[PDB]
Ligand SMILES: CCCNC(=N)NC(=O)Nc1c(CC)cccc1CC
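Form deposited without the ligand, single chain, as structure tokens, below.
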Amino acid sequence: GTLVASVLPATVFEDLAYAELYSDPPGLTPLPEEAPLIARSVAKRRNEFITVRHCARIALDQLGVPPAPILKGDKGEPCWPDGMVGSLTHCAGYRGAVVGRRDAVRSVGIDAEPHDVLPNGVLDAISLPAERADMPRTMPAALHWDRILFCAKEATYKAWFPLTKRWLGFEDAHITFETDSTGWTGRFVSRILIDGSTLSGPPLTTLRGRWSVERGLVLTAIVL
């Protein structure tokens, strides 16, 4: 499908690709070098791991990148082929991978969750008092803004960490939202409250991403 295309820019076709599934189609296996990572993993984990890397390899193949194992590195972050970047996400009913060429794309962060209210207490634990106040006013009451905030915080971390290799807690970023007049999609900009020093290039002070609610899921993505 093309749900995640709703939260990506349209201009980078040569240096950005994506792939998604809504299930774990029987038959997929990990590459030989990936199997030790799930040898002792629960069934749910084996499946999401295998399926999402299948998607990652379809996206890479669209960009002329031969298949390759995708291991986990610093703090669980995925290890991409030479010259490539990307992000992965899996939740109930969704698996998604977005990859890009490092020259044109500097980093990717994506996240997917079911469009449902947050469980008890997690909201206060992932949001600043100013966000809880400003956010609900910016979008319709049909949306679970708490969950959308959540996904945007996680997308911000995924885009941020490969570039700094430093922790970004939920209180270290202020995110602001804006909805387009369809009522189900929009934008957000994440303003960094701590040192944005990166290992290469200019520091990160703002991350502009997109969000939408498609087919009962929330999707967010940042493309630097």
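Each residue number is its position in the shown sequence, starting from 1.
Below: the form solved in complex with the ligand, not depicted.
- Residue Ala173 is the only one of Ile58, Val65, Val189, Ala173 with a heavy atom lying within 4.5 Å of the ligand in the bound PDB entry.
- Although the partner is absent from this view, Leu168 contacts the ligand in the bound PDB entry, with a non-hydrogen atom inside 4.5 angstroms.
- Taking the partner from the other structure, the ligand in the bound PDB entry has a heavy atom within 4.5 Å of a heavy atom of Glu154.
- Contact annotation: the ligand lies within 4.5 Å of heavy atoms from the stretch 155-163 in the bound PDB entry, the single such stretch among 195-203, 179-187, 155-163, 23-31.
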